[PDB]
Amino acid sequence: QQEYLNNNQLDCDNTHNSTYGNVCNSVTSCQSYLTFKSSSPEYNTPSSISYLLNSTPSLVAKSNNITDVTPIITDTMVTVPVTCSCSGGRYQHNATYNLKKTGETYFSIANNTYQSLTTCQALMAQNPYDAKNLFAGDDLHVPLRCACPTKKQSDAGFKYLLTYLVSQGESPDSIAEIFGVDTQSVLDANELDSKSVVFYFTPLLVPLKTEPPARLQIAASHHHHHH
């Protein structure tokens, strides 16, 4: 279990502990997964997505059952294998981001560019620039959100945790169905109860019993489960 961000990352003056990253509460390093929606023209190939997220094109390609060079249709959510490890009491996966245009902000980088896989707070904590003093060409340390299964989750058969980017209309139930896991397991993973609200544009942990499906959209089909 990790605390749910609960939209604290939208207010960059908020200092709730969850915004600084998942807590190191299990093994020091593990295999994990991120998710990311292809964005054209900058982040729509295994190469460019892997560059942004600090993965490899081969791992992206294998996780999605595509080649390492074919373009990914815009808005397709892909899986991105990453190593998650503990740093400073937090689980994270480090990446680097060079600002492209002056006018980018810690919030636009966390919420737009990285699609909520990091937070403005964790960017601010781990970088030297004041929020109002960012320029094109500045390099940022990007602490991407991931976690490793706790002992209790491992004992229940979860091999990995996946950082799932939630879209409007989804719910814990519908997300759990994509991955073939019980809803309660998604609730437990995020310290939520069955009436808790989950927001779109806020990442959610999904515990996995096996590697994720290669195509998430069709994995959401009712005909791809319960038969």
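For every residue, the number given is its place in the sequence shown, counted from 1.
Would 200-208 or 213-221 have the larger average of its C-alpha temperature factors, as given in the entry? Mean C-alpha B-factor is greater for 213-221.
When the C-alpha temperature factors are averaged for each of 177-185 and 43-51, which stretch ends up with the higher value in the entry? Averaged over C-alpha atoms, the B-factors run higher in 177-185.
When you compare the CA B-factors of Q121, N94, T74, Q115 as listed in the entry, which one comes out on top? By C-alpha B-factor in the record, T74 ranks first.
Among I109, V82, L134, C148, which residue carries the highest C-alpha B-factor recorded in the PDB entry? That would be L134, according to the entry.
Third assignment of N64 from its chain's C-alpha B-factors: Tercile = middle for this residue's CA B-factor.
By its CA B factor, does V27 count among the lowest, middle or highest third of the modelled residues in the chain? As the PDB entry reports it, the C-alpha B-factor of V27 lands in the highest third of its chain.
Would you mind checking where the Cα B-factor of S171 ranks among the modelled residues of its chain, as the lowest, middle or highest third? It falls in the top third of the chain.
Modelled-residue ranking by C-alpha temperature factor, third containing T35: Lowest third, going by the recorded CA B-factors of the chain.
Of the three thirds of its chain by CA temperature factor, lowest, middle or highest, which one includes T56? Middle third.
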